[PDB]
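# A look at the structure
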Amino acid sequence: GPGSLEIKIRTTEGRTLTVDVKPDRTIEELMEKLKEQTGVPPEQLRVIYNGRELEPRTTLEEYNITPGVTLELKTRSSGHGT
């Protein structure tokens with residue numbers, strides 16, 4: 001296998017990020033990386049692979065998050081609470 005893989009994450013800020021992650025990792029990882037990259041809190045975002053919505057609880061291998069792809073951030077405008 002590749003071990004890890006270099007993907008991209010276009011944000012609600014309109015910028016495209018570029019991080020490397022492993023296919024065995026969860027979307028929680030992707031949300032963690034984009035947080036420390038652009039600064040935006042992932043709890044208010046949705047990761048979008050090639051026009052598909054990705055939940056944090058699910059793995060990368062489940063969505064075929066392969067190297068060279070562009071994930072997008074569509075807003076998740078609903079807070080858990082105060």
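Numbers attached to residues count from 1 within each chain as its sequence is written and can disagree with those in the entry; no residue without coordinates is shown. The basis for every side-chain value is the complete set of non-hydrogen atoms in the structure, without hydrogens or water. Residues with missing side-chain atoms are left out of burial classes, side-chain pairs and their counts.

As documented in the archive entry, the model was determined using solution NMR.

### Let's talk about unusual backbone geometry
Quick reminder of the rule: Helix and strand assignments come from DSSP, with helices taken as H or I runs of at least 4 residues and strands as E runs of at least 2, each series counted from the N terminus.
For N50, which is not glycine, the phi dihedral falls at a positive 55 degrees. Along the polypeptide, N50 turns up in the loop between β3 (45–49) and β4 (52–54).

### Focus on the pattern of salt bridges
Note the threshold: We count a salt bridge whenever a side-chain nitrogen from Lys or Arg sits within 4 Å of a carboxyl oxygen from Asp or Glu. When accessible area is computed with a 1.4 Å probe and restricted to protein chains, residues below 20% of their type maximum are described as buried, those above 50% as exposed, and intermediate ones as partly exposed.
Enumeration according to the criterion identifies eight salt bridges in this entry. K22 is the partner of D24 in a salt bridge, and the nearest nitrogen-oxygen pair spans 2.9 Å. On the basis of relative accessible area, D24 is assigned to the partly exposed category, the value being 45%. Look at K22 and you get partly exposed, because its relative accessible area is 28%. Linking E55 and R76 is a salt bridge whose minimum nitrogen-to-oxygen distance equals 2.9 Å. In this pair, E55 is assigned in the loop between β4 and β5 (70–75) and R76 in the segment after β5, connecting sequence segments 21 residues apart. Note on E55: relative accessible area 16%, which makes it buried. Given a relative accessible area of 30%, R76 falls into the partly exposed group. Because the salt bridges share partners, they merge into one network encompassing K22, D24, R25, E29 and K33.

### Looking at the sheet that holds β4
Inclusion rule: A pair of strands counts as paired when DSSP detects no fewer than two bridges linking them. The convention used is that axes are lines fitted to C-alpha atoms, helices contributing only their stretch in contact, and that angles between N-to-C directions extend from 0 to 180 degrees. Pairs of residues are marked as contacts when any of their non-hydrogen atoms sit within 4.5 Å.
Overall, mixed pairing links the five strands, which are arranged β2-β1-β5-β3-β4 in an open sheet. Both outer strands of the open sheet, β2 (16–21) and β4, are each paired with one neighbouring strand and no more. Taken pair by pair, the neighbouring strands of this sheet meet at an average axis angle of 35 degrees, ignoring direction. Direction of pairing for β3 relative to β4: antiparallel, over a ladder of three bridges. Considered in β4, the bridge of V47 is made with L54. In this fold helix α1 (residues 27–38) packs onto β1 (5–10), β2, β3, β4 and β5, with an angle of close to 135 degrees to the strand it touches most, β2.

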